[PDB]
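Heads up: the structure comes next, in structure tokens.
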Amino acid sequence: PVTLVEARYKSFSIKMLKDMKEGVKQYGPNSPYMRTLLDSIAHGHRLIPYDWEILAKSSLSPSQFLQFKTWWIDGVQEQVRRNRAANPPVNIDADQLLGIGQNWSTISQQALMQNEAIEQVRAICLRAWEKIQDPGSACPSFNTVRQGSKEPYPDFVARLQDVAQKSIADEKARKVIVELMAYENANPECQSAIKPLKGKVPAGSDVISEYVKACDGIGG
Amino acid sequence: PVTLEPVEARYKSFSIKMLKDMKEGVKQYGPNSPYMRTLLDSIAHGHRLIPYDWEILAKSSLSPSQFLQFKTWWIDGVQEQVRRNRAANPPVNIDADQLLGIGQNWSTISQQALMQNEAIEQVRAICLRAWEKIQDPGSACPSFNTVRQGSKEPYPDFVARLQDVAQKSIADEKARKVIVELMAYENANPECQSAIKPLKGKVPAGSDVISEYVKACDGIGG
Amino acid sequence: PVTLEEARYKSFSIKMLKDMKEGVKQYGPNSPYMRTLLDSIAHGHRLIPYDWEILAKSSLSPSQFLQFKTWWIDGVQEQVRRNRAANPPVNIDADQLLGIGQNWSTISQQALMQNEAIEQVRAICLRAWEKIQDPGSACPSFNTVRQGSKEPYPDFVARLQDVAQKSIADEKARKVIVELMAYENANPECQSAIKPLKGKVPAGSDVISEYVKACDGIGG
Amino acid sequence: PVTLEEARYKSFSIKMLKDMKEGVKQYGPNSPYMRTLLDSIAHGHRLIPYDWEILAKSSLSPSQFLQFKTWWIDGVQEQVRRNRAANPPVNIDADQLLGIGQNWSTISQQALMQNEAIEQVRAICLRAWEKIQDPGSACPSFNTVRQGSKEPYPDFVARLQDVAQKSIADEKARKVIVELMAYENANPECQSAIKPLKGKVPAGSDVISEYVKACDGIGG
């Protein structure tokens with residue numbers, strides 16, 4: 001990252017890259033430990049689009065760098081359409097956020113970027129990292145995730161909370177969908193255990209807290 | 001590595017932690033994972049490597065079955081490079097046994113610590129192209145006829161295999177592009193073959209063809 | 001053609017049209033004999049787009065004048081995207097090449113085209129003629145053409161250079177594919193016979209000329 | 001060809017090319033009719049190696065121009081090993097015969113070759129034309145061609161002189177093999193009919209003319 005009297009760009013150490021690879025390989029790219037570590041890296045530095053490529057290339061499988069680059073390209077193609085419709089329109093084109101082109105293809109040209117382009121490339125890079133799949137799997141639809149027999153209830157809810165995180169982009173639309181689907185796809189035991197509790201949050205609680213509290217020793 | 005303080009050049013062996021990190025990286029992730037490539041480039045470009053140190057680094061990091069392949073492709077690379085040092089004007093004075101580190105003039109560390117940079121860069125390029133050909137610890141290099149996206153397999157896991165095969169076999173990158181962009185459609189399953197076919201041969205703006213190809217048949221897991 | 005001794009449109013002779021239909025019907029529209037015959041008419045005359053209408057209609061099957069008109073129309077849609085996007089932009093629109101419209105729909109209007117336009121229509125009709133299929137077949141894919149057992153080797157490579165000419169437009173990209181696929185799709189018997197000769201062209205030779213040398217007696 | 005009335009390169013006529021393709025397609029590239037027709041063009045003109053490019057491309061199958069270019073290239077690699085190893089050495093390198101390179105890659109450079117070079121290219125293209133296969137077959141071995149039962153005898157010997165012309169280059173070595181194999185690979189019925197006539201040619205005759213005399217009525 002770059003350090004603010006002029007712009008000086010220094011690569012990462014070996015320890016940071018070793019920790020990132022050892023995290024991604026063992027726990028997954030979207031385990032909560034990796035999200036916490038990645039947000040601590042990104043919010044605590046000044047990342048140019050060179051550094052997202054250096055970080056993601058040296059940490060991900062080659063089957064996952066393709067997905068990272070693809071959803072980065074999709075995110076900047078949608079962010080450009082909201083950038084020209086401004087009043088005044090901002091001078092943030094596609095080739096300034098992708099880190100390629102004629103005027104933006106070397107680290108000396110990129111190190112003189114403003115705060116708004118930094119905070120705009122950060123959100124689309126994080127949303128790109130949020131969509132990277134696990135090595136052997138594909139993202140399923142909501143018709144497939146059902147609590148099978150002999151399976152705990154929070155293990156069932158924590159699959160829905162991830163499926164609704166890869167697909168749907170708005171959090172308010174995530175909450176209503178997972179609150180609805182937590183009752184329809186449940187086992188008959190947890191459905192009968194959860195039916196007298198529906199639509200009743202007592203005080204300062206989440207709905208799914210009382211839901212997982214309700215059916216508790218049911219499966220096993 | 002070796003270092004130069006000027007009128008003389010001194011030698012020092014590798015660290016005790018560096019070889020440990022290299023062995024853990026090669027054993028757990030692979031010899032040609034993208035992490036080990038940047039680690040090896042950071043070691044090579046930031047130091048001065050004589051072929052003695054290349055043999056020490058490759059001996060203490062690879063399998064007993066992988067040092068054979070590294071030595072074989074090192075020998076083949078020097079055999080192909082010598083034929084471009086005698087067909088030059090002026091003829092470049094780098095024979096076979098200056099690159100391989102053998103012989104009578106080039107068999108000790110004090111004999112090898114006096115090399116010039118036009119041979120250091122050559123042995124660096126040959127050693128890196130040799131390391132790019134070492135296989136995984138149980139497999140042989142397949143041909144392009146066999147890499148096919150089977151049913152119930154995601155799409156980018158197939159393009160990753162195609163790019164690995166094209167990196168191991170073909171030595172020209174401009175030819176590496178135009179073969180994998182064609183084979184990425186002829187070897188897909190019928191569902192991605194139906195999904196790519198509307199968008200075939202059209203780039204919108206400033207992207208790679210695979211970036212729209214993986215975007216097209218995204219959720220093929222039903 | 002049109003002759004300038006200042007314009008004079010002369011029709012085709014009865015003997016020239018008799019030899020084109022007799023040649024197309026017996027050898028094919030893309031035999032090497034018809035390729036040199038068609039160039040001696042094109043490069044030796046002044047063909048307006050009204051004359052490619054008469055020459056192709058009176059020489060091709062009714063199922064092949066449909067394919068010749070398709071890839072003619074599709075070829076102008078890419079020529080205008082290299083006509084206006086150049087500096088300076090040239091006045092070559094769509095309906096000047098296709099020979100339709102209001103200003104380009106008679107002999108007396110098309111008889112005064114310039115040599116920038118005559119040379120551009122002549123290079124896209126000849127690219128349309130390279131895609132006209134045989135009278136009963138469709139263009140196969142690259143992974144389908146394999147050397148069958150008890151089939152001679154130069155008959156296999158002759159098929160390989162035909163699939164790689166209807167599909168790929170760049171002649172450099174043909175060169176890297178038809179040499180690569182010549183060993184991989186081959187027979188098991190030649191694959192043990194080409195492999196010692198692989199990738200070592202000695203002096204003043206082609207790659208495949210050294211390959212057909214090695215399977216000189218592979219028929220049983 | 002080139003005419004000297006001091007150089008003038010004239011292209012081929014439209015009627016000469018029409019008869020070569022009509023002849024090759026119907027009878028074969030190595031019928032006795034095409035052998036005398038090709039010699040009347042070669043021995044009656046001045047063919048530069050640019051003209052063997054046009055004549056063979058506009059007359060052969062695409063699978064047969066690959067074989068014509070292979071044995072042309074292979075034939076120059078043996079001519080240079082009889083060019084420099086003679087006393088005195090002649091200035092006939094590889095890229096003068098093949099018509100490639102920098103000094104031999106246009107019409108105006110090749111129009112001034114000498115009659116030592118014109119006569120040497122003319123004897124190796126004509127040897128390349130003797131090896132071009134039929135449009136669906138490969139060259140069989142000598143122990144495969146046997147006279148089948150209920151097959152006429154001169155049709156068997158006509159096959160024997162065709163295998164012994166693509167394989168063996170020395171015309172004296174053809175003579176001792178096609179006469180020896182004419183009795184050994186023959187039918188049981190002619191083998192009892194040729195054996196009293198064996199090895200006794202009376203006066204002013206060929207060996208096989210006395211052999212086809214003896215199987216005049218062997219068809220059943």
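The chains in the structure tokens are called A, B, ... from first to last as shown; in each chain the residues are counted from 1, and the ligands are counted from 1 in the order shown.
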For residue 96 of chain A: contacts at 10 Å, only C-alpha atoms, fewer than 2 positions along chain excluded, given as a PyMOL selection string: chain A and resi 49+76+91-94+98-105+110+113+117+121
Resulting file, chosen residues, N, CA, C and O atoms, as an mmCIF file, in the first residue's frame:
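Printed below is result01.cif as written:
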data_model
loop_
_atom_site.group_PDB
_atom_site.id
_atom_site.type_symbol
_atom_site.label_atom_id
_atom_site.label_comp_id
_atom_site.auth_asym_id
_atom_site.auth_seq_id
_atom_site.Cartn_x
_atom_site.Cartn_y
_atom_site.Cartn_z
ATOM 1 N N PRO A 49 -5.595 -0.605 -7.029
ATOM 2 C CA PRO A 49 -6.001 -1.841 -7.724
ATOM 3 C C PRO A 49 -4.858 -2.765 -8.112
ATOM 4 O O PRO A 49 -5.128 -3.895 -8.537
ATOM 5 N N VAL A 76 -17.701 -3.286 -11.381
ATOM 6 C CA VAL A 76 -17.347 -1.973 -11.911
ATOM 7 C C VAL A 76 -18.234 -1.609 -13.110
ATOM 8 O O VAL A 76 -18.574 -0.430 -13.295
ATOM 9 N N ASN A 91 -15.820 11.928 -12.316
ATOM 10 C CA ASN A 91 -14.881 11.526 -13.361
ATOM 11 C C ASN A 91 -14.245 10.177 -13.027
ATOM 12 O O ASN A 91 -13.027 10.010 -13.011
ATOM 13 N N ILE A 92 -15.104 9.199 -12.763
ATOM 14 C CA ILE A 92 -14.687 7.861 -12.373
ATOM 15 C C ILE A 92 -15.205 6.922 -13.455
ATOM 16 O O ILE A 92 -16.374 6.521 -13.443
ATOM 17 N N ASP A 93 -14.342 6.590 -14.409
ATOM 18 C CA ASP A 93 -14.708 5.720 -15.512
ATOM 19 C C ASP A 93 -14.396 4.276 -15.137
ATOM 20 O O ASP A 93 -14.088 3.964 -13.988
ATOM 21 N N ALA A 94 -14.467 3.372 -16.115
ATOM 22 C CA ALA A 94 -14.206 1.964 -15.830
ATOM 23 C C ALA A 94 -12.718 1.697 -15.668
ATOM 24 O O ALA A 94 -12.314 0.928 -14.791
ATOM 25 N N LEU A 98 -10.731 -0.501 -12.607
ATOM 26 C CA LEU A 98 -10.145 -1.786 -12.955
ATOM 27 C C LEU A 98 -8.629 -1.790 -12.883
ATOM 28 O O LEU A 98 -8.032 -2.869 -12.916
ATOM 29 N N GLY A 99 -7.997 -0.628 -12.791
ATOM 30 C CA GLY A 99 -6.552 -0.577 -12.727
ATOM 31 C C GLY A 99 -5.858 -0.963 -14.010
ATOM 32 O O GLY A 99 -4.712 -1.419 -13.970
ATOM 33 N N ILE A 100 -6.522 -0.800 -15.152
ATOM 34 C CA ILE A 100 -5.932 -1.104 -16.452
ATOM 35 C C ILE A 100 -6.110 0.089 -17.372
ATOM 36 O O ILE A 100 -6.623 1.135 -16.964
ATOM 37 N N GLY A 101 -5.689 -0.060 -18.624
ATOM 38 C CA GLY A 101 -5.885 0.979 -19.613
ATOM 39 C C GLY A 101 -4.599 1.679 -19.985
ATOM 40 O O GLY A 101 -3.520 1.084 -19.913
ATOM 41 N N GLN A 102 -4.698 2.944 -20.382
ATOM 42 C CA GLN A 102 -3.538 3.717 -20.801
ATOM 43 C C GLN A 102 -2.968 4.576 -19.686
ATOM 44 O O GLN A 102 -1.752 4.571 -19.465
ATOM 45 N N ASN A 103 -3.820 5.302 -18.972
ATOM 46 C CA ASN A 103 -3.391 6.221 -17.931
ATOM 47 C C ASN A 103 -3.327 5.572 -16.559
ATOM 48 O O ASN A 103 -2.927 6.232 -15.597
ATOM 49 N N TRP A 104 -3.722 4.307 -16.439
ATOM 50 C CA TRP A 104 -3.847 3.649 -15.147
ATOM 51 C C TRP A 104 -3.264 2.245 -15.188
ATOM 52 O O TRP A 104 -3.873 1.294 -14.691
ATOM 53 N N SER A 105 -2.084 2.075 -15.773
ATOM 54 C CA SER A 105 -1.513 0.741 -15.907
ATOM 55 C C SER A 105 -0.151 0.599 -15.247
ATOM 56 O O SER A 105 0.524 -0.412 -15.464
ATOM 57 N N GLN A 110 -1.137 5.192 -10.497
ATOM 58 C CA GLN A 110 -2.225 4.859 -9.587
ATOM 59 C C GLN A 110 -2.058 5.455 -8.203
ATOM 60 O O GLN A 110 -3.056 5.668 -7.512
ATOM 61 N N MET A 113 -4.183 8.736 -6.623
ATOM 62 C CA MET A 113 -5.632 8.647 -6.692
ATOM 63 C C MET A 113 -6.267 9.244 -5.444
ATOM 64 O O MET A 113 -5.668 9.267 -4.366
ATOM 65 N N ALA A 117 -12.201 7.397 -5.143
ATOM 66 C CA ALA A 117 -11.930 6.215 -5.952
ATOM 67 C C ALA A 117 -11.431 5.052 -5.103
ATOM 68 O O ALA A 117 -11.733 3.892 -5.407
ATOM 69 N N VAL A 121 -13.428 1.563 -4.993
ATOM 70 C CA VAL A 121 -12.890 0.269 -5.393
ATOM 71 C C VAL A 121 -12.941 -0.708 -4.222
ATOM 72 O O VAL A 121 -13.046 -1.925 -4.435
#
Distance query residue 191 of chain C at most 12 Å, only C-alpha atoms, self and fewer than 2 positions along chain excluded, as a ChimeraX atom specification: /C:147,153,181-189,193-198,211-212,214-215,218
Next, dump the selected residues to file, keeping only N, CA and C atoms, as a PDB file, in the first residue's frame.
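The new file selection-v9.pdb reads:
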ATOM      1  N   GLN C 147      -8.450 -38.959 -36.920  1.00  0.00           N
ATOM      2  CA  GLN C 147      -7.991 -39.913 -37.920  1.00  0.00           C
ATOM      3  C   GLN C 147      -8.518 -41.292 -37.562  1.00  0.00           C
ATOM      4  N   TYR C 153      -2.828 -40.894 -43.624  1.00  0.00           N
ATOM      5  CA  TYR C 153      -2.517 -39.689 -42.869  1.00  0.00           C
ATOM      6  C   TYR C 153      -2.682 -38.370 -43.631  1.00  0.00           C
ATOM      7  N   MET C 181      -3.156 -29.877 -33.392  1.00  0.00           N
ATOM      8  CA  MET C 181      -4.143 -30.942 -33.450  1.00  0.00           C
ATOM      9  C   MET C 181      -3.735 -32.081 -34.366  1.00  0.00           C
ATOM     10  N   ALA C 182      -2.693 -31.896 -35.185  1.00  0.00           N
ATOM     11  CA  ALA C 182      -2.262 -32.939 -36.111  1.00  0.00           C
ATOM     12  C   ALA C 182      -1.653 -34.126 -35.385  1.00  0.00           C
ATOM     13  N   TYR C 183      -1.089 -33.906 -34.208  1.00  0.00           N
ATOM     14  CA  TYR C 183      -0.543 -35.005 -33.430  1.00  0.00           C
ATOM     15  C   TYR C 183      -1.533 -35.538 -32.410  1.00  0.00           C
ATOM     16  N   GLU C 184      -2.403 -34.687 -31.876  1.00  0.00           N
ATOM     17  CA  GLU C 184      -3.246 -35.111 -30.771  1.00  0.00           C
ATOM     18  C   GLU C 184      -4.456 -35.909 -31.231  1.00  0.00           C
ATOM     19  N   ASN C 185      -5.053 -35.560 -32.365  1.00  0.00           N
ATOM     20  CA  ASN C 185      -6.197 -36.304 -32.868  1.00  0.00           C
ATOM     21  C   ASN C 185      -5.802 -37.480 -33.741  1.00  0.00           C
ATOM     22  N   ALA C 186      -4.514 -37.765 -33.876  1.00  0.00           N
ATOM     23  CA  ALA C 186      -4.053 -38.745 -34.840  1.00  0.00           C
ATOM     24  C   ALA C 186      -4.302 -40.165 -34.342  1.00  0.00           C
ATOM     25  N   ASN C 187      -3.858 -41.127 -35.140  1.00  0.00           N
ATOM     26  CA  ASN C 187      -4.024 -42.534 -34.842  1.00  0.00           C
ATOM     27  C   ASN C 187      -3.036 -42.907 -33.735  1.00  0.00           C
ATOM     28  N   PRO C 188      -3.258 -44.017 -33.023  1.00  0.00           N
ATOM     29  CA  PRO C 188      -2.180 -44.542 -32.168  1.00  0.00           C
ATOM     30  C   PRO C 188      -0.930 -44.961 -32.921  1.00  0.00           C
ATOM     31  N   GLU C 189      -1.052 -45.387 -34.179  1.00  0.00           N
ATOM     32  CA  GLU C 189       0.115 -45.864 -34.911  1.00  0.00           C
ATOM     33  C   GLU C 189       1.020 -44.719 -35.343  1.00  0.00           C
ATOM     34  N   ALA C 193       4.847 -42.739 -34.213  1.00  0.00           N
ATOM     35  CA  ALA C 193       5.750 -42.486 -35.324  1.00  0.00           C
ATOM     36  C   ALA C 193       6.089 -41.017 -35.499  1.00  0.00           C
ATOM     37  N   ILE C 194       5.257 -40.114 -34.992  1.00  0.00           N
ATOM     38  CA  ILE C 194       5.544 -38.687 -35.083  1.00  0.00           C
ATOM     39  C   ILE C 194       6.332 -38.208 -33.866  1.00  0.00           C
ATOM     40  N   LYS C 195       6.177 -38.891 -32.728  1.00  0.00           N
ATOM     41  CA  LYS C 195       6.714 -38.410 -31.452  1.00  0.00           C
ATOM     42  C   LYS C 195       8.236 -38.234 -31.384  1.00  0.00           C
ATOM     43  N   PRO C 196       9.092 -39.076 -31.985  1.00  0.00           N
ATOM     44  CA  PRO C 196      10.515 -38.704 -32.046  1.00  0.00           C
ATOM     45  C   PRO C 196      10.809 -37.517 -32.947  1.00  0.00           C
ATOM     46  N   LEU C 197       9.955 -37.221 -33.920  1.00  0.00           N
ATOM     47  CA  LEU C 197      10.163 -36.091 -34.813  1.00  0.00           C
ATOM     48  C   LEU C 197       9.480 -34.826 -34.320  1.00  0.00           C
ATOM     49  N   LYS C 198       9.039 -34.806 -33.069  1.00  0.00           N
ATOM     50  CA  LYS C 198       8.158 -33.750 -32.597  1.00  0.00           C
ATOM     51  C   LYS C 198       8.938 -32.474 -32.309  1.00  0.00           C
ATOM     52  N   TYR C 211       5.815 -34.472 -40.927  1.00  0.00           N
ATOM     53  CA  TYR C 211       4.914 -35.411 -40.268  1.00  0.00           C
ATOM     54  C   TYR C 211       4.383 -36.446 -41.246  1.00  0.00           C
ATOM     55  N   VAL C 212       4.037 -36.027 -42.468  1.00  0.00           N
ATOM     56  CA  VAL C 212       3.538 -36.973 -43.460  1.00  0.00           C
ATOM     57  C   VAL C 212       4.651 -37.848 -43.999  1.00  0.00           C
ATOM     58  N   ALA C 214       6.693 -39.396 -41.975  1.00  0.00           N
ATOM     59  CA  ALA C 214       6.861 -40.476 -41.014  1.00  0.00           C
ATOM     60  C   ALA C 214       5.757 -41.523 -41.099  1.00  0.00           C
ATOM     61  N   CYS C 215       4.580 -41.163 -41.602  1.00  0.00           N
ATOM     62  CA  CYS C 215       3.498 -42.125 -41.815  1.00  0.00           C
ATOM     63  C   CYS C 215       3.368 -42.516 -43.276  1.00  0.00           C
ATOM     64  N   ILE C 218       1.871 -46.327 -43.325  1.00  0.00           N
ATOM     65  CA  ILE C 218       0.926 -46.709 -42.282  1.00  0.00           C
ATOM     66  C   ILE C 218      -0.423 -46.905 -42.965  1.00  0.00           C
TER      67      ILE C 218
END
Residue list (strand (DSSP E), DSSP) for segment 2-192 of chain C, as a list in words: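 Of segment 2-192 of chain C, the ones in strand (DSSP E) are residues 2, 3, 8 and 9 of chain C.
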Can you spit out the residues from that selection as a PDB file, in the first residue's frame, using N, CA and C atoms?
ATOM      1  N   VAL C   2     -17.419  -4.116 -65.790  1.00  0.00           N
ATOM      2  CA  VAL C   2     -17.548  -2.843 -66.482  1.00  0.00           C
ATOM      3  C   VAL C   2     -16.207  -2.501 -67.118  1.00  0.00           C
ATOM      4  N   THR C   3     -16.256  -2.007 -68.351  1.00  0.00           N
ATOM      5  CA  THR C   3     -15.073  -1.586 -69.084  1.00  0.00           C
ATOM      6  C   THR C   3     -15.130  -0.080 -69.305  1.00  0.00           C
ATOM      7  N   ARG C   8     -18.978   1.493 -69.261  1.00  0.00           N
ATOM      8  CA  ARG C   8     -19.676   0.566 -70.142  1.00  0.00           C
ATOM      9  C   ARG C   8     -19.865  -0.755 -69.414  1.00  0.00           C
ATOM     10  N   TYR C   9     -21.110  -1.080 -69.081  1.00  0.00           N
ATOM     11  CA  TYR C   9     -21.438  -2.317 -68.385  1.00  0.00           C
ATOM     12  C   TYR C   9     -21.712  -3.405 -69.415  1.00  0.00           C
TER      13      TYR C   9
END
Residue contacts of residue 110 of chain B (12 Å, only C-alpha atoms) excluding same-chain residues fewer than 6 positions away, as JSON, numbers by chain: {"B": [2, 8, 9, 10, 11, 12, 50, 52, 101]}
Residue set, segment 28-196 of chain C restricted to helix (DSSP H, G or I), as a PDB file with C-alpha atoms, in the first residue's frame:
ATOM      1  CA  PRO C  32      -8.431 -25.430 -55.141  1.00  0.00           C
ATOM      2  CA  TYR C  33      -9.312 -25.315 -58.840  1.00  0.00           C
ATOM      3  CA  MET C  34     -12.295 -23.025 -58.296  1.00  0.00           C
ATOM      4  CA  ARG C  35     -10.306 -20.776 -55.960  1.00  0.00           C
ATOM      5  CA  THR C  36      -7.790 -19.906 -58.672  1.00  0.00           C
ATOM      6  CA  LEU C  37     -10.511 -19.613 -61.308  1.00  0.00           C
ATOM      7  CA  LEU C  38     -12.562 -17.202 -59.215  1.00  0.00           C
ATOM      8  CA  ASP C  39      -9.544 -15.014 -58.462  1.00  0.00           C
ATOM      9  CA  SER C  40      -8.715 -14.750 -62.164  1.00  0.00           C
ATOM     10  CA  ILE C  41     -12.173 -13.283 -62.725  1.00  0.00           C
ATOM     11  CA  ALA C  42     -12.110 -10.991 -59.689  1.00  0.00           C
ATOM     12  CA  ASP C  51     -22.217  -8.741 -60.821  1.00  0.00           C
ATOM     13  CA  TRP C  52     -21.718 -10.845 -57.704  1.00  0.00           C
ATOM     14  CA  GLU C  53     -25.498 -11.245 -57.790  1.00  0.00           C
ATOM     15  CA  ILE C  54     -25.506 -12.767 -61.277  1.00  0.00           C
ATOM     16  CA  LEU C  55     -22.338 -14.834 -60.920  1.00  0.00           C
ATOM     17  CA  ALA C  56     -23.382 -16.490 -57.675  1.00  0.00           C
ATOM     18  CA  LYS C  57     -27.030 -17.050 -58.602  1.00  0.00           C
ATOM     19  CA  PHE C  65     -27.102 -18.823 -52.632  1.00  0.00           C
ATOM     20  CA  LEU C  66     -28.832 -18.535 -49.261  1.00  0.00           C
ATOM     21  CA  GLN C  67     -25.504 -19.052 -47.505  1.00  0.00           C
ATOM     22  CA  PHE C  68     -23.666 -16.705 -49.848  1.00  0.00           C
ATOM     23  CA  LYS C  69     -26.158 -13.915 -49.165  1.00  0.00           C
ATOM     24  CA  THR C  70     -26.007 -14.505 -45.402  1.00  0.00           C
ATOM     25  CA  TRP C  71     -22.259 -14.123 -44.939  1.00  0.00           C
ATOM     26  CA  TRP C  72     -22.219 -11.234 -47.399  1.00  0.00           C
ATOM     27  CA  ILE C  73     -24.696  -9.302 -45.245  1.00  0.00           C
ATOM     28  CA  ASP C  74     -22.922 -10.281 -42.023  1.00  0.00           C
ATOM     29  CA  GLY C  75     -19.593  -9.187 -43.496  1.00  0.00           C
ATOM     30  CA  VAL C  76     -20.737  -5.624 -44.147  1.00  0.00           C
ATOM     31  CA  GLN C  77     -21.872  -5.213 -40.519  1.00  0.00           C
ATOM     32  CA  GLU C  78     -18.240  -5.614 -39.426  1.00  0.00           C
ATOM     33  CA  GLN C  79     -16.780  -3.473 -42.212  1.00  0.00           C
ATOM     34  CA  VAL C  80     -18.770  -0.406 -41.157  1.00  0.00           C
ATOM     35  CA  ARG C  81     -17.404  -0.847 -37.626  1.00  0.00           C
ATOM     36  CA  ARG C  82     -13.955  -0.358 -39.174  1.00  0.00           C
ATOM     37  CA  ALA C  94     -23.863  -0.346 -45.429  1.00  0.00           C
ATOM     38  CA  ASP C  95     -26.030   0.064 -48.530  1.00  0.00           C
ATOM     39  CA  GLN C  96     -23.083   0.888 -50.792  1.00  0.00           C
ATOM     40  CA  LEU C  97     -21.484  -2.529 -50.287  1.00  0.00           C
ATOM     41  CA  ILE C 107     -26.493  -0.411 -62.959  1.00  0.00           C
ATOM     42  CA  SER C 108     -26.072   3.273 -63.839  1.00  0.00           C
ATOM     43  CA  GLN C 109     -25.552   4.240 -60.189  1.00  0.00           C
ATOM     44  CA  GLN C 110     -23.096   1.433 -59.379  1.00  0.00           C
ATOM     45  CA  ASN C 115     -11.320   1.862 -56.137  1.00  0.00           C
ATOM     46  CA  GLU C 116     -11.550   2.097 -52.353  1.00  0.00           C
ATOM     47  CA  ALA C 117     -15.046   0.614 -52.589  1.00  0.00           C
ATOM     48  CA  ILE C 118     -14.333  -1.929 -55.342  1.00  0.00           C
ATOM     49  CA  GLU C 119     -11.420  -3.321 -53.339  1.00  0.00           C
ATOM     50  CA  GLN C 120     -13.483  -3.610 -50.153  1.00  0.00           C
ATOM     51  CA  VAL C 121     -16.427  -5.469 -51.670  1.00  0.00           C
ATOM     52  CA  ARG C 122     -14.004  -7.850 -53.388  1.00  0.00           C
ATOM     53  CA  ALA C 123     -12.473  -8.916 -50.076  1.00  0.00           C
ATOM     54  CA  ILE C 124     -15.762  -9.755 -48.339  1.00  0.00           C
ATOM     55  CA  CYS C 125     -17.462 -11.681 -51.138  1.00  0.00           C
ATOM     56  CA  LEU C 126     -14.336 -13.837 -51.342  1.00  0.00           C
ATOM     57  CA  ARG C 127     -14.604 -14.386 -47.589  1.00  0.00           C
ATOM     58  CA  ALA C 128     -18.256 -15.342 -48.076  1.00  0.00           C
ATOM     59  CA  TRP C 129     -17.271 -17.968 -50.658  1.00  0.00           C
ATOM     60  CA  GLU C 130     -14.949 -19.623 -48.122  1.00  0.00           C
ATOM     61  CA  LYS C 131     -17.901 -20.500 -45.873  1.00  0.00           C
ATOM     62  CA  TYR C 153      -2.517 -39.689 -42.869  1.00  0.00           C
ATOM     63  CA  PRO C 154      -2.519 -36.899 -45.542  1.00  0.00           C
ATOM     64  CA  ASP C 155      -6.267 -37.393 -45.964  1.00  0.00           C
ATOM     65  CA  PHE C 156      -6.599 -36.567 -42.253  1.00  0.00           C
ATOM     66  CA  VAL C 157      -4.562 -33.347 -42.363  1.00  0.00           C
ATOM     67  CA  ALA C 158      -6.445 -32.255 -45.481  1.00  0.00           C
ATOM     68  CA  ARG C 159      -9.654 -32.409 -43.462  1.00  0.00           C
ATOM     69  CA  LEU C 160      -7.997 -30.498 -40.614  1.00  0.00           C
ATOM     70  CA  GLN C 161      -7.078 -27.545 -42.803  1.00  0.00           C
ATOM     71  CA  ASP C 162     -10.682 -27.360 -44.045  1.00  0.00           C
ATOM     72  CA  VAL C 163     -12.351 -27.096 -40.642  1.00  0.00           C
ATOM     73  CA  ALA C 164      -9.731 -24.534 -39.640  1.00  0.00           C
ATOM     74  CA  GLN C 165     -10.563 -22.313 -42.617  1.00  0.00           C
ATOM     75  CA  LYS C 166     -14.314 -21.973 -42.272  1.00  0.00           C
ATOM     76  CA  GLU C 171      -4.440 -17.044 -40.711  1.00  0.00           C
ATOM     77  CA  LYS C 172      -1.852 -16.960 -37.921  1.00  0.00           C
ATOM     78  CA  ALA C 173      -4.316 -18.621 -35.548  1.00  0.00           C
ATOM     79  CA  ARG C 174      -4.890 -21.373 -38.106  1.00  0.00           C
ATOM     80  CA  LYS C 175      -1.176 -22.144 -38.100  1.00  0.00           C
ATOM     81  CA  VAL C 176      -0.865 -22.823 -34.379  1.00  0.00           C
ATOM     82  CA  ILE C 177      -3.964 -25.051 -34.208  1.00  0.00           C
ATOM     83  CA  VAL C 178      -3.673 -27.311 -37.255  1.00  0.00           C
ATOM     84  CA  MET C 181      -4.143 -30.942 -33.450  1.00  0.00           C
ATOM     85  CA  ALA C 182      -2.262 -32.939 -36.111  1.00  0.00           C
ATOM     86  CA  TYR C 183      -0.543 -35.005 -33.430  1.00  0.00           C
ATOM     87  CA  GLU C 184      -3.246 -35.111 -30.771  1.00  0.00           C
ATOM     88  CA  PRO C 188      -2.180 -44.542 -32.168  1.00  0.00           C
ATOM     89  CA  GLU C 189       0.115 -45.864 -34.911  1.00  0.00           C
ATOM     90  CA  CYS C 190       1.278 -42.469 -36.168  1.00  0.00           C
ATOM     91  CA  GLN C 191       1.438 -41.077 -32.634  1.00  0.00           C
ATOM     92  CA  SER C 192       4.280 -43.500 -31.956  1.00  0.00           C
ATOM     93  CA  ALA C 193       5.750 -42.486 -35.324  1.00  0.00           C
ATOM     94  CA  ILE C 194       5.544 -38.687 -35.083  1.00  0.00           C
ATOM     95  CA  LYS C 195       6.714 -38.410 -31.452  1.00  0.00           C
ATOM     96  CA  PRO C 196      10.515 -38.704 -32.046  1.00  0.00           C
TER      97      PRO C 196
END
Interface, chain B side, toward chain A (10 Å; only C-alpha atoms) as a PyMOL selection string: chain B and resi 21+25+28-29+33-39+42+152-161+163-164+205-208+210-215+218-222
